[PDB]
file structure02.pdb (PDB, C-alpha atoms)
ATOM      1  CA  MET A   1     -26.347  14.828  42.378
ATOM      2  CA  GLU A   2     -25.025  16.984  45.200
ATOM      3  CA  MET A   3     -25.803  20.266  43.434
ATOM      4  CA  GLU A   4     -29.400  19.045  43.236
ATOM      5  CA  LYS A   5     -29.295  18.739  47.032
ATOM      6  CA  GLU A   6     -27.536  22.079  47.378
ATOM      7  CA  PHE A   7     -30.333  23.461  45.183
ATOM      8  CA  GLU A   8     -33.009  22.116  47.524
ATOM      9  CA  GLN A   9     -31.276  23.429  50.655
ATOM     10  CA  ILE A  10     -30.989  26.898  49.140
ATOM     11  CA  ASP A  11     -34.522  26.838  47.762
ATOM     12  CA  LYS A  12     -36.083  25.462  50.955
ATOM     13  CA  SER A  13     -34.332  28.176  52.980
ATOM     14  CA  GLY A  14     -34.975  30.993  50.468
ATOM     15  CA  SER A  15     -31.263  31.804  50.438
ATOM     16  CA  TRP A  16     -30.716  32.681  46.758
ATOM     17  CA  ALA A  17     -30.171  36.390  47.411
ATOM     18  CA  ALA A  18     -27.573  35.543  50.061
ATOM     19  CA  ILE A  19     -25.565  33.127  47.912
ATOM     20  CA  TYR A  20     -25.676  35.631  45.070
ATOM     21  CA  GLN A  21     -24.337  38.462  47.234
ATOM     22  CA  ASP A  22     -21.485  36.221  48.346
ATOM     23  CA  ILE A  23     -20.570  35.617  44.710
ATOM     24  CA  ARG A  24     -20.597  39.354  44.079
ATOM     25  CA  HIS A  25     -18.273  39.924  47.034
ATOM     26  CA  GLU A  26     -15.758  37.241  45.996
ATOM     27  CA  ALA A  27     -15.704  38.237  42.317
ATOM     28  CA  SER A  28     -12.541  39.549  40.672
ATOM     29  CA  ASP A  29     -11.857  43.195  39.979
ATOM     30  CA  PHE A  30      -9.336  43.991  37.248
ATOM     31  CA  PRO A  31      -8.586  47.268  35.465
ATOM     32  CA  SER A  32     -10.778  48.415  32.583
ATOM     33  CA  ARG A  33      -8.764  51.467  31.599
ATOM     34  CA  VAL A  34      -9.195  51.237  27.821
ATOM     35  CA  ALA A  35     -13.019  51.093  28.084
ATOM     36  CA  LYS A  36     -12.998  54.335  30.063
ATOM     37  CA  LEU A  37     -10.899  56.427  27.685
ATOM     38  CA  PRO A  38     -12.956  59.413  26.502
ATOM     39  CA  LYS A  39     -12.558  58.417  22.855
ATOM     40  CA  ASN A  40     -14.416  55.156  23.629
ATOM     41  CA  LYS A  41     -17.418  56.605  25.433
ATOM     42  CA  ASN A  42     -19.699  56.244  22.432
ATOM     43  CA  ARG A  43     -18.622  52.583  21.961
ATOM     44  CA  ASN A  44     -20.139  51.484  25.304
ATOM     45  CA  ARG A  45     -23.860  50.882  25.700
ATOM     46  CA  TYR A  46     -23.801  51.020  29.520
ATOM     47  CA  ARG A  47     -21.451  53.152  31.553
ATOM     48  CA  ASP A  48     -21.128  50.473  34.265
ATOM     49  CA  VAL A  49     -20.414  47.440  32.038
ATOM     50  CA  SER A  50     -16.871  47.385  30.687
ATOM     51  CA  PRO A  51     -14.468  44.675  29.538
ATOM     52  CA  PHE A  52     -11.347  44.142  31.603
ATOM     53  CA  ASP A  53      -8.173  45.156  29.794
ATOM     54  CA  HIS A  54      -6.538  41.739  30.134
ATOM     55  CA  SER A  55      -9.321  39.817  28.333
ATOM     56  CA  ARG A  56     -10.791  42.383  25.965
ATOM     57  CA  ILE A  57     -11.083  41.608  22.266
ATOM     58  CA  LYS A  58      -8.990  43.932  20.132
ATOM     59  CA  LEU A  59     -10.089  44.944  16.653
ATOM     60  CA  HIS A  60      -7.308  44.776  14.033
ATOM     61  CA  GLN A  61      -7.720  48.495  13.335
ATOM     62  CA  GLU A  62      -4.801  50.864  13.880
ATOM     63  CA  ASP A  63      -6.907  53.935  14.698
ATOM     64  CA  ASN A  64      -8.980  52.484  17.551
ATOM     65  CA  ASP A  65      -9.024  48.809  18.461
ATOM     66  CA  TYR A  66     -11.771  49.041  21.085
ATOM     67  CA  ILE A  67     -15.005  47.008  21.213
ATOM     68  CA  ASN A  68     -16.965  46.155  24.346
ATOM     69  CA  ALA A  69     -16.303  42.419  24.137
ATOM     70  CA  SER A  70     -14.438  39.915  26.329
ATOM     71  CA  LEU A  71     -12.823  36.512  25.669
ATOM     72  CA  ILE A  72     -13.910  33.925  28.214
ATOM     73  CA  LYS A  73     -11.469  30.998  28.064
ATOM     74  CA  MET A  74     -12.462  27.854  30.036
ATOM     75  CA  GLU A  75      -9.279  25.826  29.902
ATOM     76  CA  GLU A  76     -10.459  22.565  31.483
ATOM     77  CA  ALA A  77     -13.559  22.527  29.299
ATOM     78  CA  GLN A  78     -11.667  23.501  26.149
ATOM     79  CA  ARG A  79     -14.367  26.017  25.378
ATOM     80  CA  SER A  80     -14.012  29.730  24.716
ATOM     81  CA  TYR A  81     -16.718  32.341  24.189
ATOM     82  CA  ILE A  82     -16.767  35.985  23.208
ATOM     83  CA  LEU A  83     -19.311  37.894  25.289
ATOM     84  CA  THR A  84     -20.293  41.311  23.992
ATOM     85  CA  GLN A  85     -22.989  43.931  24.311
ATOM     86  CA  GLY A  86     -25.807  44.381  21.851
ATOM     87  CA  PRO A  87     -24.274  46.476  19.076
ATOM     88  CA  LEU A  88     -24.979  50.185  18.879
ATOM     89  CA  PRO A  89     -25.886  51.973  15.653
ATOM     90  CA  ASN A  90     -22.292  53.156  15.414
ATOM     91  CA  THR A  91     -20.674  49.813  16.312
ATOM     92  CA  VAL A  92     -22.479  47.385  13.976
ATOM     93  CA  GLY A  93     -19.527  47.474  11.600
ATOM     94  CA  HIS A  94     -17.109  46.817  14.467
ATOM     95  CA  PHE A  95     -19.223  43.864  15.591
ATOM     96  CA  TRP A  96     -18.994  42.137  12.216
ATOM     97  CA  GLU A  97     -15.316  43.018  11.938
ATOM     98  CA  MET A  98     -14.797  41.147  15.205
ATOM     99  CA  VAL A  99     -16.745  38.149  13.939
ATOM    100  CA  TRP A 100     -14.581  38.091  10.833
ATOM    101  CA  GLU A 101     -11.264  38.573  12.609
ATOM    102  CA  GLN A 102     -11.970  36.007  15.331
ATOM    103  CA  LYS A 103     -13.177  33.397  12.788
ATOM    104  CA  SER A 104     -16.424  32.790  14.631
ATOM    105  CA  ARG A 105     -18.977  30.422  13.079
ATOM    106  CA  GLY A 106     -21.973  31.340  15.223
ATOM    107  CA  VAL A 107     -23.604  34.351  16.883
ATOM    108  CA  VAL A 108     -25.987  33.719  19.776
ATOM    109  CA  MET A 109     -28.483  36.494  20.476
ATOM    110  CA  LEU A 110     -30.536  36.241  23.670
ATOM    111  CA  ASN A 111     -32.567  39.465  23.546
ATOM    112  CA  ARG A 112     -35.128  41.173  21.347
ATOM    113  CA  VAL A 113     -34.357  44.454  19.611
ATOM    114  CA  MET A 114     -37.076  46.181  21.655
ATOM    115  CA  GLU A 115     -37.839  45.149  25.231
ATOM    116  CA  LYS A 116     -39.708  47.092  27.881
ATOM    117  CA  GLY A 117     -40.551  49.659  25.222
ATOM    118  CA  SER A 118     -36.891  50.658  24.665
ATOM    119  CA  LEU A 119     -34.198  49.653  22.155
ATOM    120  CA  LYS A 120     -31.768  47.083  23.517
ATOM    121  CA  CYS A 121     -29.785  46.408  20.334
ATOM    122  CA  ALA A 122     -29.351  47.805  16.843
ATOM    123  CA  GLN A 123     -30.859  45.814  13.975
ATOM    124  CA  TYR A 124     -27.498  44.452  12.850
ATOM    125  CA  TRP A 125     -28.540  41.771  10.345
ATOM    126  CA  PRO A 126     -30.669  41.956   7.180
ATOM    127  CA  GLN A 127     -34.383  41.279   7.290
ATOM    128  CA  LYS A 128     -34.833  40.255   3.669
ATOM    129  CA  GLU A 129     -32.729  38.192   1.274
ATOM    130  CA  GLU A 130     -32.763  40.851  -1.431
ATOM    131  CA  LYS A 131     -31.715  43.728   0.897
ATOM    132  CA  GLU A 132     -28.179  43.077   1.943
ATOM    133  CA  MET A 133     -26.217  45.297   4.336
ATOM    134  CA  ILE A 134     -22.898  46.956   3.590
ATOM    135  CA  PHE A 135     -20.718  48.221   6.444
ATOM    136  CA  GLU A 136     -18.688  50.906   4.732
ATOM    137  CA  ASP A 137     -16.474  51.621   7.727
ATOM    138  CA  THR A 138     -15.187  48.034   7.968
ATOM    139  CA  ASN A 139     -15.619  46.955   4.317
ATOM    140  CA  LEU A 140     -17.910  43.981   4.938
ATOM    141  CA  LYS A 141     -21.110  42.872   3.216
ATOM    142  CA  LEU A 142     -23.798  40.822   4.982
ATOM    143  CA  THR A 143     -26.549  38.837   3.168
ATOM    144  CA  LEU A 144     -29.437  36.881   4.647
ATOM    145  CA  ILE A 145     -29.416  33.444   2.959
ATOM    146  CA  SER A 146     -32.244  31.710   4.831
ATOM    147  CA  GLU A 147     -34.273  32.013   8.007
ATOM    148  CA  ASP A 148     -35.918  29.192   9.986
ATOM    149  CA  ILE A 149     -38.485  30.571  12.420
ATOM    150  CA  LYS A 150     -39.517  28.332  15.312
ATOM    151  CA  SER A 151     -41.704  29.031  18.311
ATOM    152  CA  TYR A 152     -38.860  29.589  20.794
ATOM    153  CA  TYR A 153     -35.927  30.549  18.560
ATOM    154  CA  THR A 154     -35.027  31.601  15.021
ATOM    155  CA  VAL A 155     -31.954  30.357  13.173
ATOM    156  CA  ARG A 156     -30.572  32.385  10.279
ATOM    157  CA  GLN A 157     -27.952  31.511   7.720
ATOM    158  CA  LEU A 158     -25.912  34.606   6.834
ATOM    159  CA  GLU A 159     -23.126  35.179   4.323
ATOM    160  CA  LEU A 160     -20.391  37.563   5.408
ATOM    161  CA  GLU A 161     -18.158  38.836   2.603
ATOM    162  CA  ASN A 162     -14.882  40.666   3.105
ATOM    163  CA  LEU A 163     -15.065  43.228   0.334
ATOM    164  CA  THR A 164     -11.319  43.868   0.469
ATOM    165  CA  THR A 165     -10.434  40.247  -0.322
ATOM    166  CA  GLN A 166     -13.641  38.829  -1.892
ATOM    167  CA  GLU A 167     -13.583  36.024   0.704
ATOM    168  CA  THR A 168     -16.907  34.801   2.092
ATOM    169  CA  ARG A 169     -17.940  32.817   5.155
ATOM    170  CA  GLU A 170     -21.222  31.346   6.305
ATOM    171  CA  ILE A 171     -22.304  32.559   9.759
ATOM    172  CA  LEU A 172     -25.143  31.021  11.755
ATOM    173  CA  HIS A 173     -27.278  33.386  13.824
ATOM    174  CA  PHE A 174     -29.145  31.740  16.723
ATOM    175  CA  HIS A 175     -31.809  34.049  18.126
ATOM    176  CA  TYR A 176     -33.541  32.889  21.299
ATOM    177  CA  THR A 177     -36.703  34.956  21.021
ATOM    178  CA  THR A 178     -38.773  34.002  24.069
ATOM    179  CA  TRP A 179     -36.870  35.151  27.174
ATOM    180  CA  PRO A 180     -39.471  37.141  29.130
ATOM    181  CA  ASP A 181     -39.115  40.910  29.614
ATOM    182  CA  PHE A 182     -38.988  40.367  33.402
ATOM    183  CA  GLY A 183     -37.531  37.467  35.329
ATOM    184  CA  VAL A 184     -36.472  34.141  33.854
ATOM    185  CA  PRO A 185     -38.244  31.352  31.971
ATOM    186  CA  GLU A 186     -40.368  29.200  34.258
ATOM    187  CA  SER A 187     -38.854  25.999  32.838
ATOM    188  CA  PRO A 188     -35.375  25.593  31.289
ATOM    189  CA  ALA A 189     -36.710  23.194  28.647
ATOM    190  CA  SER A 190     -36.679  25.459  25.583
ATOM    191  CA  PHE A 191     -33.429  27.134  26.623
ATOM    192  CA  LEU A 192     -31.719  23.742  26.852
ATOM    193  CA  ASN A 193     -33.390  22.771  23.577
ATOM    194  CA  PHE A 194     -31.841  25.977  22.174
ATOM    195  CA  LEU A 195     -28.409  25.338  23.710
ATOM    196  CA  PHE A 196     -28.270  21.860  22.195
ATOM    197  CA  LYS A 197     -29.232  23.258  18.781
ATOM    198  CA  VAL A 198     -26.267  25.621  19.004
ATOM    199  CA  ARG A 199     -24.049  22.710  20.010
ATOM    200  CA  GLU A 200     -25.303  20.531  17.147
ATOM    201  CA  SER A 201     -24.447  23.222  14.588
ATOM    202  CA  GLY A 202     -20.729  22.915  15.230
ATOM    203  CA  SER A 203     -20.526  26.575  16.304
ATOM    204  CA  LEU A 204     -18.931  25.708  19.694
ATOM    205  CA  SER A 205     -16.357  23.362  18.405
ATOM    206  CA  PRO A 206     -12.617  24.097  18.628
ATOM    207  CA  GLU A 207     -12.085  23.995  14.873
ATOM    208  CA  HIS A 208     -13.820  27.415  14.698
ATOM    209  CA  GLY A 209     -13.165  30.670  16.462
ATOM    210  CA  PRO A 210     -15.108  31.395  19.647
ATOM    211  CA  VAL A 211     -18.841  31.733  19.425
ATOM    212  CA  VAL A 212     -20.090  35.292  19.899
ATOM    213  CA  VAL A 213     -22.793  35.557  22.604
ATOM    214  CA  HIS A 214     -24.741  38.700  23.427
ATOM    215  CA  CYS A 215     -27.815  40.105  25.103
ATOM    216  CA  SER A 216     -28.123  43.829  25.803
ATOM    217  CA  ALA A 217     -25.167  44.272  28.173
ATOM    218  CA  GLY A 218     -23.549  40.893  27.534
ATOM    219  CA  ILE A 219     -23.492  39.774  31.169
ATOM    220  CA  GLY A 220     -26.861  38.468  32.391
ATOM    221  CA  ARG A 221     -28.607  36.175  29.917
ATOM    222  CA  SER A 222     -25.283  35.767  28.126
ATOM    223  CA  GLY A 223     -23.666  34.626  31.340
ATOM    224  CA  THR A 224     -26.424  32.069  31.947
ATOM    225  CA  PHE A 225     -25.833  30.559  28.499
ATOM    226  CA  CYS A 226     -22.069  30.149  28.922
ATOM    227  CA  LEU A 227     -22.324  28.963  32.520
ATOM    228  CA  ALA A 228     -24.804  26.212  31.603
ATOM    229  CA  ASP A 229     -22.811  25.077  28.570
ATOM    230  CA  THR A 230     -19.503  24.891  30.442
ATOM    231  CA  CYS A 231     -20.949  23.133  33.498
ATOM    232  CA  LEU A 232     -22.585  20.470  31.318
ATOM    233  CA  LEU A 233     -19.347  19.971  29.369
ATOM    234  CA  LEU A 234     -17.298  19.551  32.570
ATOM    235  CA  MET A 235     -19.782  16.977  33.883
ATOM    236  CA  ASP A 236     -19.409  15.230  30.522
ATOM    237  CA  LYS A 237     -15.633  15.188  30.765
ATOM    238  CA  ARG A 238     -15.606  13.809  34.301
ATOM    239  CA  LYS A 239     -18.958  11.948  33.911
ATOM    240  CA  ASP A 240     -19.512  13.041  37.510
ATOM    241  CA  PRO A 241     -22.211  15.619  38.351
ATOM    242  CA  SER A 242     -20.854  16.062  41.895
ATOM    243  CA  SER A 243     -17.350  17.188  40.881
ATOM    244  CA  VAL A 244     -18.826  20.329  39.298
ATOM    245  CA  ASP A 245     -19.418  23.340  41.558
ATOM    246  CA  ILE A 246     -21.510  25.902  39.686
ATOM    247  CA  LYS A 247     -20.419  28.715  42.024
ATOM    248  CA  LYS A 248     -16.741  28.013  41.386
ATOM    249  CA  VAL A 249     -17.233  27.905  37.627
ATOM    250  CA  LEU A 250     -19.101  31.207  37.743
ATOM    251  CA  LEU A 251     -16.315  32.851  39.739
ATOM    252  CA  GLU A 252     -13.765  31.557  37.217
ATOM    253  CA  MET A 253     -15.742  33.080  34.349
ATOM    254  CA  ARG A 254     -16.026  36.367  36.244
ATOM    255  CA  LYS A 255     -12.235  36.653  36.018
ATOM    256  CA  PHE A 256     -12.779  37.376  32.316
ATOM    257  CA  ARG A 257     -15.828  39.655  32.308
ATOM    258  CA  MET A 258     -17.539  41.451  35.167
ATOM    259  CA  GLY A 259     -21.072  40.929  36.373
ATOM    260  CA  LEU A 260     -21.896  37.585  34.717
ATOM    261  CA  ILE A 261     -25.319  36.521  36.065
ATOM    262  CA  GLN A 262     -27.098  39.719  37.071
ATOM    263  CA  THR A 263     -29.808  38.522  39.486
ATOM    264  CA  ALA A 264     -30.399  35.816  42.061
ATOM    265  CA  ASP A 265     -33.165  34.457  39.830
ATOM    266  CA  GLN A 266     -30.722  34.004  36.950
ATOM    267  CA  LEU A 267     -28.451  32.104  39.318
ATOM    268  CA  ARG A 268     -31.333  29.870  40.426
ATOM    269  CA  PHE A 269     -32.290  29.322  36.770
ATOM    270  CA  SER A 270     -28.679  28.372  35.937
ATOM    271  CA  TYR A 271     -28.754  25.634  38.593
ATOM    272  CA  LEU A 272     -32.080  24.376  37.284
ATOM    273  CA  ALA A 273     -30.805  24.261  33.685
ATOM    274  CA  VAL A 274     -27.668  22.328  34.649
ATOM    275  CA  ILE A 275     -29.592  19.895  36.845
ATOM    276  CA  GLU A 276     -32.087  19.114  34.106
ATOM    277  CA  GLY A 277     -29.507  18.996  31.330
ATOM    278  CA  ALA A 278     -27.409  16.544  33.359
ATOM    279  CA  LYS A 279     -30.051  13.886  32.684
ATOM    280  CA  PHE A 280     -28.998  13.922  29.011
ATOM    281  CA  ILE A 281     -25.243  14.121  29.727
ATOM    282  CA  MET A 282     -25.408  11.081  32.013
ATOM    283  CA  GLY A 283     -26.919   8.872  29.290
ATOM    284  CA  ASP A 284     -30.714   9.340  29.219
ATOM    285  CA  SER A 285     -30.731  10.193  25.538
ATOM    286  CA  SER A 286     -34.550  10.345  25.478
ATOM    287  CA  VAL A 287     -34.821  13.528  27.587
ATOM    288  CA  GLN A 288     -33.768  15.663  24.592
ATOM    289  CA  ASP A 289     -36.949  14.645  22.728
ATOM    290  CA  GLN A 290     -39.018  15.605  25.770
ATOM    291  CA  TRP A 291     -37.383  19.046  25.824
ATOM    292  CA  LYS A 292     -38.337  19.593  22.189
ATOM    293  CA  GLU A 293     -41.885  18.459  22.986
ATOM    294  CA  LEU A 294     -42.174  20.543  26.168
ATOM    295  CA  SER A 295     -40.589  23.523  24.399
ATOM    296  CA  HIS A 296     -43.609  23.544  22.029
ATOM    297  CA  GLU A 297     -41.045  24.392  19.328
ATOM    298  CA  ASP A 298     -43.746  23.782  16.696
TER
END
call {"tool": "encode", "arguments": {"input": "structure02.pdb", "output": "C-alpha cells"}}
result
Amino acid sequence: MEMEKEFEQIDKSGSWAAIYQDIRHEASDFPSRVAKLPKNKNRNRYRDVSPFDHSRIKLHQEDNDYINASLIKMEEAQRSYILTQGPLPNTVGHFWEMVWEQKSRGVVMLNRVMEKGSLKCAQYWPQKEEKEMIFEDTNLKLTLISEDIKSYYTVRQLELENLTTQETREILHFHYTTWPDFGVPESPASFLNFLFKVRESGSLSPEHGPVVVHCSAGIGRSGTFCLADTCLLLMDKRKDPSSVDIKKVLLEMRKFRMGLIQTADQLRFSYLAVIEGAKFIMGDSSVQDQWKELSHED
C-alpha cells in the first residue's frame, strides 16, 4: 500500500502541517454570492463557511430557496452526499424540508448539541416517542419511532410525514456521539465501525437520495466521513489500494464545498482510517469483528 508508505514518510518527517497547507493553497475557489445576500445572513451559522453557488442545494420554496448545504457528487465512485451545517433554531424546518425534497434515507450527525460549553446545533429531532415535532413553516411532522443507544453511536428510527400530502417516510438518524471535543479519535476503529453501520443500512445506496451529513459547520468531521467512504469505495472498485490518492480525492471534493478537512490532524486521521479500512476492502472479512470489539460498542 503506497499510501501507507506515504503515511510513514509524512509521519516520520512531521510534515502533516505542510501537506495540509499545500492542499489549502491548491483548493478551488468558486463564487458563493447567494450565501452572502443580506436576506440569508440569519440562515448561516458561521460567516466564513458558505456553499458555492454551483453546488448548493436549493429548497423548493418560491420565497427563499437558500440553505447552507452542498451536493458533493463523486462520479467515479457513484456516491453523492449532502454536507450541511448543524441546523439553527430558525432553520430546523428548512433542514427537514431538504431531507424530504432530496429523498434522503439517512442523516449522519457527527457532533453533540453542546460541545466546549457552547451550542453547536439545534435539537432538531424528538427526544421521546410521545412528543412529536411539527415544523409549521414547512408543514412536516417528525416522530421518534425507536432509539438504539450504543457506546460509540446512537441510531434512531424517525418517521417524517408531509402534512400537505399525508405521505410518510422512514428516516434513519446515525449519531456518532464520541468524537472528542479537541483533536481526533486516537484510533479509527469505532469511526470505521460507525461508517460500516451506515453503509449496511442502505442509506448510501443509489436507490435513495443522497445521505445528509453534518457536524457544526459541515466541513471538518463531515469531510472526514465522506473522504473515508469515497476512498474505500474507489479502492473497492479498482481493488487496488495504490491507485487511490487521498489528496487528489480531497481536492476533488473541495470543488463542491469549501474547507473540507479543517486541521492537519483530521487529514492524518483520514489517512489512518482509509489504511485500516482497506484491510476489510481487500478481503480480510474478519477485521470488521475486531473493530466492533475494539470499539467497545457494548
call {"tool": "residues_near_point", "arguments": {"input": "structure02.pdb", "point": "(-23.3, 30.8, 9.2)", "cutoff": "6 Å", "atoms": "all atoms listed in the file", "output": "ChimeraX atom specification"}}
result
/A:105,157-158,170-172
call {"tool": "closest_atom_pairs", "arguments": {"input": "structure02.pdb", "of": "region 159-237 of chain A", "to": "region 58-69 of chain A", "cutoff": "12 Å", "atoms": "all atoms listed in the file", "output": "CSV"}}
result
residue,atom,partner,partner_atom,distance
A:210,CA,A:69,CA,12.0
A:211,CA,A:69,CA,12.0
A:212,CA,A:69,CA,9.1
A:213,CA,A:69,CA,9.6
A:214,CA,A:69,CA,9.2
A:215,CA,A:69,CA,11.8
A:216,CA,A:68,CA,11.5
A:217,CA,A:68,CA,9.2
A:218,CA,A:69,CA,8.1
A:219,CA,A:69,CA,10.4
A:222,CA,A:69,CA,11.9
call {"tool": "closest_residue", "arguments": {"input": "structure02.pdb", "among": "A:252, A:48, A:148, A:11", "to": "residue 27 (chain A)", "atoms": "all atoms listed in the file"}}
result
A:252
call {"tool": "residues_around", "arguments": {"input": "structure02.pdb", "residues": "residue 231 (chain A)", "least_positions_apart": "4", "cutoff": "10 Å", "atoms": "only C-alpha atoms", "output": "mmCIF file with C-alpha atoms, keeping the file's coordinate frame"}}
result
data_model
loop_
_atom_site.group_PDB
_atom_site.id
_atom_site.type_symbol
_atom_site.label_atom_id
_atom_site.label_comp_id
_atom_site.auth_asym_id
_atom_site.auth_seq_id
_atom_site.Cartn_x
_atom_site.Cartn_y
_atom_site.Cartn_z
ATOM 1 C CA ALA A 77 -13.559 22.527 29.299
ATOM 2 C CA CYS A 226 -22.069 30.149 28.922
ATOM 3 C CA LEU A 227 -22.324 28.963 32.520
ATOM 4 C CA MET A 235 -19.782 16.977 33.883
ATOM 5 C CA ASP A 236 -19.409 15.230 30.522
ATOM 6 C CA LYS A 237 -15.633 15.188 30.765
ATOM 7 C CA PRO A 241 -22.211 15.619 38.351
ATOM 8 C CA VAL A 244 -18.826 20.329 39.298
ATOM 9 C CA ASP A 245 -19.418 23.340 41.558
ATOM 10 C CA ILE A 246 -21.510 25.902 39.686
ATOM 11 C CA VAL A 249 -17.233 27.905 37.627
ATOM 12 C CA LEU A 250 -19.101 31.207 37.743
ATOM 13 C CA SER A 270 -28.679 28.372 35.937
ATOM 14 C CA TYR A 271 -28.754 25.634 38.593
ATOM 15 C CA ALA A 273 -30.805 24.261 33.685
ATOM 16 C CA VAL A 274 -27.668 22.328 34.649
ATOM 17 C CA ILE A 275 -29.592 19.895 36.845
ATOM 18 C CA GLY A 277 -29.507 18.996 31.330
ATOM 19 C CA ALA A 278 -27.409 16.544 33.359
#
call {"tool": "closest_residue", "arguments": {"input": "structure02.pdb", "among": "A:49, A:142, A:133, A:234", "to": "residue 220 (chain A)", "atoms": "only C-alpha atoms"}}
result
A:49
call {"tool": "resolve_selection", "arguments": {"input": "structure02.pdb", "expression": "the PyMOL selection byres ((chain A and resi 290) around 12)", "output": "PyMOL selection string"}}
result
chain A and resi 188-190+192-193+276-277+279-280+284-289+291-297
call {"tool": "resolve_selection", "arguments": {"input": "structure02.pdb", "expression": "the PyMOL selection byres ((chain A and resi 108) around 12)", "output": "PDB file with C-alpha atoms, in the frame of the given file"}}
result
ATOM      1  CA  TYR A  81     -16.718  32.341  24.189  1.00  0.00           C
ATOM      2  CA  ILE A  82     -16.767  35.985  23.208  1.00  0.00           C
ATOM      3  CA  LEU A  83     -19.311  37.894  25.289  1.00  0.00           C
ATOM      4  CA  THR A  84     -20.293  41.311  23.992  1.00  0.00           C
ATOM      5  CA  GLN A  85     -22.989  43.931  24.311  1.00  0.00           C
ATOM      6  CA  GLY A  86     -25.807  44.381  21.851  1.00  0.00           C
ATOM      7  CA  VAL A  99     -16.745  38.149  13.939  1.00  0.00           C
ATOM      8  CA  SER A 104     -16.424  32.790  14.631  1.00  0.00           C
ATOM      9  CA  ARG A 105     -18.977  30.422  13.079  1.00  0.00           C
ATOM     10  CA  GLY A 106     -21.973  31.340  15.223  1.00  0.00           C
ATOM     11  CA  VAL A 107     -23.604  34.351  16.883  1.00  0.00           C
ATOM     12  CA  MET A 109     -28.483  36.494  20.476  1.00  0.00           C
ATOM     13  CA  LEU A 110     -30.536  36.241  23.670  1.00  0.00           C
ATOM     14  CA  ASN A 111     -32.567  39.465  23.546  1.00  0.00           C
ATOM     15  CA  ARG A 112     -35.128  41.173  21.347  1.00  0.00           C
ATOM     16  CA  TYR A 153     -35.927  30.549  18.560  1.00  0.00           C
ATOM     17  CA  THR A 154     -35.027  31.601  15.021  1.00  0.00           C
ATOM     18  CA  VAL A 155     -31.954  30.357  13.173  1.00  0.00           C
ATOM     19  CA  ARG A 156     -30.572  32.385  10.279  1.00  0.00           C
ATOM     20  CA  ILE A 171     -22.304  32.559   9.759  1.00  0.00           C
ATOM     21  CA  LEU A 172     -25.143  31.021  11.755  1.00  0.00           C
ATOM     22  CA  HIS A 173     -27.278  33.386  13.824  1.00  0.00           C
ATOM     23  CA  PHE A 174     -29.145  31.740  16.723  1.00  0.00           C
ATOM     24  CA  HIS A 175     -31.809  34.049  18.126  1.00  0.00           C
ATOM     25  CA  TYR A 176     -33.541  32.889  21.299  1.00  0.00           C
ATOM     26  CA  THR A 177     -36.703  34.956  21.021  1.00  0.00           C
ATOM     27  CA  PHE A 194     -31.841  25.977  22.174  1.00  0.00           C
ATOM     28  CA  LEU A 195     -28.409  25.338  23.710  1.00  0.00           C
ATOM     29  CA  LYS A 197     -29.232  23.258  18.781  1.00  0.00           C
ATOM     30  CA  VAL A 198     -26.267  25.621  19.004  1.00  0.00           C
ATOM     31  CA  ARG A 199     -24.049  22.710  20.010  1.00  0.00           C
ATOM     32  CA  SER A 201     -24.447  23.222  14.588  1.00  0.00           C
ATOM     33  CA  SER A 203     -20.526  26.575  16.304  1.00  0.00           C
ATOM     34  CA  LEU A 204     -18.931  25.708  19.694  1.00  0.00           C
ATOM     35  CA  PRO A 210     -15.108  31.395  19.647  1.00  0.00           C
ATOM     36  CA  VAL A 211     -18.841  31.733  19.425  1.00  0.00           C
ATOM     37  CA  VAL A 212     -20.090  35.292  19.899  1.00  0.00           C
ATOM     38  CA  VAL A 213     -22.793  35.557  22.604  1.00  0.00           C
ATOM     39  CA  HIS A 214     -24.741  38.700  23.427  1.00  0.00           C
ATOM     40  CA  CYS A 215     -27.815  40.105  25.103  1.00  0.00           C
ATOM     41  CA  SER A 216     -28.123  43.829  25.803  1.00  0.00           C
ATOM     42  CA  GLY A 218     -23.549  40.893  27.534  1.00  0.00           C
ATOM     43  CA  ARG A 221     -28.607  36.175  29.917  1.00  0.00           C
ATOM     44  CA  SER A 222     -25.283  35.767  28.126  1.00  0.00           C
ATOM     45  CA  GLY A 223     -23.666  34.626  31.340  1.00  0.00           C
ATOM     46  CA  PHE A 225     -25.833  30.559  28.499  1.00  0.00           C
ATOM     47  CA  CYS A 226     -22.069  30.149  28.922  1.00  0.00           C
TER      48      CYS A 226
END
call {"tool": "atom_distance", "arguments": {"input": "structure02.pdb", "atom1": "CA of residue 248 (chain A)", "atom2": "CA of residue 16 (chain A)"}}
result
15.7 Å
call {"tool": "resolve_selection", "arguments": {"input": "structure02.pdb", "expression": "the PyMOL selection byres ((chain A and resi 145) around 9)", "output": "ChimeraX atom specification"}}
result
/A:128-129,143-144,146-147,156-159
call {"tool": "axis_aligned_box", "arguments": {"input": "structure02.pdb", "around": "region 278-284 of chain A", "padding_each_side": "4 Å", "output": "AutoDock Vina command-line options"}}
result
--center_x -28.0 --center_y 12.7 --center_z 31.2 --size_x 13.5 --size_y 15.7 --size_z 12.3
call {"tool": "atom_distance", "arguments": {"input": "structure02.pdb", "atom1": "CA of residue 32 (chain A)", "atom2": "CA of residue 256 (chain A)"}}
result
11.2 Å
call {"tool": "atom_distance", "arguments": {"input": "structure02.pdb", "atom1": "CA of residue 262 (chain A)", "atom2": "CA of residue 17 (chain A)"}}
result
11.3 Å
call {"tool": "closest_residue", "arguments": {"input": "structure02.pdb", "among": "A:182, A:124, A:196, A:20", "to": "residue 260 (chain A)", "atoms": "only C-alpha atoms"}}
result
A:20
call {"tool": "residues_around", "arguments": {"input": "structure02.pdb", "residues": "residue 96 (chain A)", "least_positions_apart": "3", "cutoff": "9 Å", "atoms": "only C-alpha atoms", "output": "list in words"}}
result
residues 91, 92, 93, 99, 100, 101, 124, 135, 138, 140, 142 and 160 of chain A
call {"tool": "closest_residue", "arguments": {"input": "structure02.pdb", "among": "A:266, A:240, A:56, A:186", "to": "residue 224 (chain A)", "atoms": "all atoms listed in the file"}}
result
A:266
call {"tool": "decode", "arguments": {"input": "structure02.pdb", "residues": "region 85-92 of chain A", "atoms": "C-alpha atoms", "output": "short mmCIF file (atom, residue, chain, number, x, y, z; two decimals), in the first residue's frame"}}
result
data_model
loop_
_atom_site.label_atom_id
_atom_site.label_comp_id
_atom_site.auth_asym_id
_atom_site.auth_seq_id
_atom_site.Cartn_x
_atom_site.Cartn_y
_atom_site.Cartn_z
CA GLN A 85 -24.20 22.81 8.85
CA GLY A 86 -25.82 21.93 12.14
CA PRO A 87 -29.30 23.43 11.88
CA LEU A 88 -30.10 26.69 13.62
CA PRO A 89 -33.26 27.25 15.65
CA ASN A 90 -34.74 29.07 12.67
CA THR A 91 -33.62 26.55 10.03
CA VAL A 92 -34.77 23.23 11.53
#
